[PDB]
There are 2 protein chains.
Amino acid sequence: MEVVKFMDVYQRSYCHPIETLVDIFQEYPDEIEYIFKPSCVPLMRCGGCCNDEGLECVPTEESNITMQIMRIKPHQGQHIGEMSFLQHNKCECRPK
Amino acid sequence: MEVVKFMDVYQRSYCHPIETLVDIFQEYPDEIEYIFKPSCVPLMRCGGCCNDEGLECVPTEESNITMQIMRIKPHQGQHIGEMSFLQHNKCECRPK
């Protein structure tokens, strides 16, 4: 059986940017008159644990990534265009 | 600037197993008298989108992964022990 060693689990779970699949409407809530394809996008976002309830995992560097996304108005045409999304490039455990 | 091309976003977002950080208490709700270090673990879990509201992304192959976790409980001190977690090895879009 493969067992993940403690120090590896700890390092791999600690606060860091991790690819996270995010629904486009979480980021563009006012665009719900459209259907988007794909409907979700992979974004780097802070995730994981700090193992100290006085601390939270928060971004320390942010930027935007642009992706080609198809926009559909039901029963009308499709159009592919650029959409930008917030990413987290660096993460740290900071006091809450 | 980098722009992710449509077909690449579509492929990268589509229903598949993705590393997901999961709180251990969520997987072991019976053990809330424990403190775990780390408090979360990275698990392969189905994620992403199917781009069809008739379909949902669900596991088609499942197994357990075992990890060394520091377990802390009154009268046992802190000790490392094996804990197993459900993982999704294969994912498919299936009718809801």
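Summary table
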| read-out | value |
| --- | --- |
| For residue A:23, inter-copy label distances in nm, listed shortest first [label point 7 Å out on the Cα-Cβ vector] | 2.0 |
| Relative contact order [Cα under 8 Å, 6+ residues apart], chain A, whole percent | 31 |
| Nitroxide proxy distance, nm - points 7 Å out along Cα→Cβ at residue A:75 and residue B:80 | 6.3 |
| Neighbour-count order for B:75, B:16, A:88, fewest beta carbons within 10 angstrom listed first | B:75, B:16, A:88 |
| Among the listed pairs A:5/B:96; B:37/B:96; A:73/B:96, those beyond 31 Å (Cα-Cα) | A:5/B:96; B:37/B:96 |
| Selected from B:11, B:38, B:58, residue furthest toward positive end of dipole (segment B:1-81; charges at beta carbon) | B:38 |
| Using a Förster distance of 30 Å, the FRET efficiency for residue B:52-residue A:68 (Cβ separation, nearest 0.05) | 0.90 |
| Inter-copy separations for residue B:53, label at 7 Å along Cα-Cβ, nm, ascending | 4.1 |
| Proxy reagent accessibility, fewest Cβ within 10 Å first, across B:44, A:7 | A:7, B:44 |
| Label distances, nm, residue B:96 versus same residue in remaining copies, Cβ-directed 7 Å point | 3.5 |
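None of the figures in this text is laboratory data; all of them are computed from the coordinates on show. No Cβ is skipped: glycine too gets one built from the backbone with ideal geometry, and neighbour counts run over all protein chains shown.
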